[PDB]
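A quick write-up on the structure given underneath.
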């Protein structure tokens, strides 16, 4: 499968902004092929970890919490 | 006159003006910026003023993304809120939140009449003293959950239930029999479904009656906040000048509240009960008290609602159930039976169905139809498990009349002519009351359980049954 | 000089600034008296209780009445002491508010009367009572099944319609008859029409000439309702300390005390703890209920209605009261509709005192045998329902024929009900009610009809009601 | 057979009494769980509201 797929990784050892920007980097890589006429499938494995990374990302930037302390 | 940017934190933008020249609340502020070098990005924003702070600064809300903003860009004060084009110009067009056409049909010229978005609700003496009934031509709606001319309706449906087909036949029947323009205001719901709905507007041919406003999930919560209000100020032109009985479709008023909850935490407000903004009920009321029937006009409103996790005690469905007058509940099982529109006859309710409003005969016929369909609902497991040949008589009669009733509630729409071929029907309320009275009395128990499927009137039942069989 | 000046007013919370070094201590009282000098201003008489110190020579207070009209800059007078409440013989028969002022239209208390502070430390470890003495109420179902302690806390779980106020009036009557003990009522946050109904019932009863009442009712600010049980209790403490006698102290719905402190703490800006309760829940309840003790000179015993919010005993407001309770007396509606007065449920009313070391051996054996026979008779109800009265056995038929005599014998003729049924009513000592239930359980009074046992005082006068029928 | 029908109806009587008592004690333990979850829900919501208020001050 690795002659037609790209893998974007954002590990747990990587800081919270790299888990925050991982789906946007994946869908930018998808948009490059989409606006050329190709067909892209993008799989975001565990978006709830993106939500917790952005929750950390906001709470450390002194943004006010909301429900379950998400922004 | 001229103000510069101080803070950019996500959606919100703080702008400092010169002393004595502050803009009032809800004005539109514009940023037209051209990049002076290769280290900058061209910017076209519209900023809605939300708060006044102390030292000549103003906290605004962005209508688009704030990516690219530099602390120190000059901001143009327009001196008015977001002026939105109104008229017969807007019919058949698709708009932004700012009143700009997002379709490629053309630009609206600058000398056209533009109305501001924010205006007070109509007063106490300007409203209509009596309750009048918005006659739709749809038999589930006309019989079992009538629509107030000027009231607020709830559609509770997902996909596969033909919600777009029901929306289209509402627009078609109102613009056919009442001469009423409709307006679809899609507030933060699924750009794919918005495009499906626009191409079905184009195919149905009823689009030339509606005006469409889309601010979807992709847009910042200022745009999702103000889309319902710009669709509302497009409908209020037709009410306030043409006197018409205007429809107004808001797709998920829930999004009107949660976009405000996204905004208000950034505005600096203390959080409320469910994490929702403190100003939940007054913002929802300033939306849904402009949707009223005045003396010369009307705006009725059919409003889709996605209750999150089907939890009706959440503060935003509570605050918007405080304003509803009816519910139209689309079910998937009735769509699998073939019953179009798939309105659940027992769960869909209305404030109208009381004998002082709809009349006395209509009230007895609707309550007897509800009682026999409830009794057939109570026999669902018995028929499905134990069998049909074992119940009793005076209950086999109940399910016998209940099948003919729950198929006669379906219609052939004018919109489905391009898909089925039969030319559709508009059914008055007195004729469907007479038809359901005749089916309840037992006049049509010798006809089959087909020929009640997809017919308008009650004589079309026998005109179809003589074509099939006896 | 101790003259103050208002800075902030926001609801009940009022910030007052004094000069440096002339600050009021915490819990002091602040008299605001203002005569309006023009048509703009409004006349004000208003007392504040100091709660915090904010720095910058300021003081944050909570208000006892409405703060409407308070102007930034107006004069505040420091009393030099907390809220001084009149005590003595001049409080008997009089309805009072939290400030020690008479609600009644009878008159004013003169200024030379003794007034003692509202906030007092609890009586020390040196001064308490070593032993546990019994409190003899003269009610049989109380003195046999859920006995009281001098210095105790007792819970009423009745509600309306079961005769809670009838027990209140009879406990006042019996203690002031036999023990010479003044009672004090304190309605912490109760309906005003029910306060007036309670006052007219105790006036018609005649019990009032011996009690004292405090009503800080629901219309008053939370700073009043948090301090109302303290000013009933300060009236009780005079007769405990100076007079040396066994005093009652009724706190109606102490859940109103807990949530009054909760909303005071929410106004003061504190972070709320578990279940929305003020962080200081257990220590405010402790500062109330550790002054209700039995010292060497007298005692204060307390009977406290408890709300039981969303009817679970694990909510912190029932849970921090139940750690001070020494007894409970459940009032049940089906015993009042049956005809048993008082409506005390004999199986749900429990007591920490009901033990052979505290009470005695014979009382304990008779009381536990009464609970066993009533438990067996409560088990036999479905058997009587489905099998009928006959053909059970000889033994359980004797159990039913014994236990209905015990169940109807638990009702008394109160002295309170004399103006309603004409029967003079009786004080039954604890030795004679133990002897009476012992002689019923032996079977000595088994042949008498069961309607002789209803509404009768002791066992020597059930023979005469059986003789009259 | 009359003996067996009487014992049939008595056995179904006792079986449904035991099922009702089992359901009632299940209701009791579920209300203990409901009160625990109710208190925990209210304290969660109140600390999140107060934390969102303290974030601004």
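No value in this document is a laboratory result; all are computed from the given coordinates. Reconstructed Cβ throughout: ideal geometry from the backbone, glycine too, with neighbour counts over all protein chains shown.
Quick notes on this structure:
- Filtered residue count, segment D:16-57, keeping only those that are more than 7 Å from every other protein chain (Cβ to nearest Cβ), more than 21 Å from the chain's Cα centre (by Cα) and surrounded by 11 or more Cβ atoms within 10 Å (Cβ to Cβ): 4
- For segment A:31-44, the count of residues that are within 14 Å of chain D (Cβ to nearest Cβ) and either touching a strand residue (DSSP E or B) at 6+ places or on another chain (Cβ under 7 Å) or surrounded by 10 or more Cβ atoms within 10 Å (Cβ to Cβ) (or both) is zero.
- Complete set of residues in segment B:50-63 that are assigned to a strand (DSSP E or B) and more than 27 Å from the chain's Cα centre (by Cα): B:51, B:52, B:57, B:58, B:59, B:60
- The residues of segment C:272-285 that are in a helix (DSSP H, G or I) and either touching a residue at least 12 places away in the same chain (Cβ under 8 Å) or under 13 Å from residue C:229 (Cβ atoms) (or both), listed by number, are C:274, C:275, C:276, C:281, C:282, C:284, C:285.
- Scan of segment B:243-271 for residues that are facing chain A (nearest Cβ under 10 Å), free of Cβ contacts under 8 Å to residues at least 60 places away in the same chain and not in a helix (DSSP H, G or I), ordered by number: B:269, B:270, B:271
- Residue in segment C:76-98 that is surrounded by fewer than 19 Cβ atoms within 10 Å (Cβ to Cβ) and over 27 Å from residue C:213 (Cβ atoms) present: yes
- Any hit, segment C:247-257, residues being within 28 Å of residue C:312 (Cβ to Cβ) and surrounded by fewer than 22 Cβ atoms within 10 Å (Cβ to Cβ): yes
- Candidates B:318, B:352, B:384, B:347, filtered to the one that is under 21 Å from the mean Cα position of the chain (by Cα) and in a helix (DSSP H, G or I): B:318
- Scanning segment C:26-42 for residues that are in contact (Cβ under 8 Å) with a residue 24 or more places away in the chain and over 31 Å from the mean Cα position of the chain (by Cα) yields C:32, C:33, C:34, C:41, C:42.
- Selection count, segment C:103-117, where residues are buried (at least 16 other Cβ atoms within 10 Å of the Cβ) and in contact with a strand residue (DSSP E or B) (Cβ under 6 Å, 6 or more places away or on another chain): 3
- Check on residue C:23, in contact (Cβ under 8 Å) with a residue 40 or more places away in the chain, buried (at least 16 other Cβ atoms within 10 Å of the Cβ) and assigned to a loop (DSSP other than H, G, I, E, B): no
- Of all the numbered requirements in (1) in contact with a helix residue (DSSP H, G or I) (Cβ under 9 Å, 6 or more places away or on another chain); (2) part of a helix (DSSP H, G or I), residue B:450 misses one, and that requirement is (2).
- Residue count for segment C:272-298, restricted to those that are out of contact with any helix residue (DSSP H, G or I) (no Cβ under 6 Å at 6 or more places or on another chain) and within 12 Å of another protein chain (Cβ to nearest Cβ): 2.
- Tallying residues that are out of contact with any strand residue (DSSP E or B) (no Cβ under 6 Å at 6 or more places or on another chain), surrounded by 18 or more Cβ atoms within 10 Å (Cβ to Cβ) and in a helix (DSSP H, G or I) within segment C:172-198 yields 4.
- Those residues of segment C:166-192 which are without any contact (Cβ under 8 Å) to a residue 60 or more places away in the chain and more than 17 Å from residue C:225 (Cα to Cα), in sequence order: C:176
Residue-wise test of (1) outside any loop (DSSP other than H, G, I, E, B); (2) closer than 30 Å to residue D:49 by Cα.
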position	(1), (2)
A:2	no, no
A:11	no, no
A:28	yes, no
A:53	yes, yes
A:62	no, yes
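- Taken over segment C:299-318, residues that are within 12 Å of another protein chain (Cβ to nearest Cβ) and in contact with a helix residue (DSSP H, G or I) (Cβ under 8 Å, 6 or more places away or on another chain) amount to 10.
- Matching residues, segment A:45-71, being surrounded by 13 or more Cβ atoms within 10 Å (Cβ to Cβ) and within 14 Å of chain D (Cβ to nearest Cβ): A:55, A:58, A:59, A:63, A:64, A:65, A:66, A:67, A:69, A:70, A:71
- Residues of segment C:40-75 satisfying the condition of being under 21 Å from residue C:228 (Cβ atoms) and crowded, with 17+ Cβ neighbours inside 10 Å: C:46, C:47, C:48, C:49, C:50, C:51, C:61, C:62, C:63, C:64, C:65, C:67
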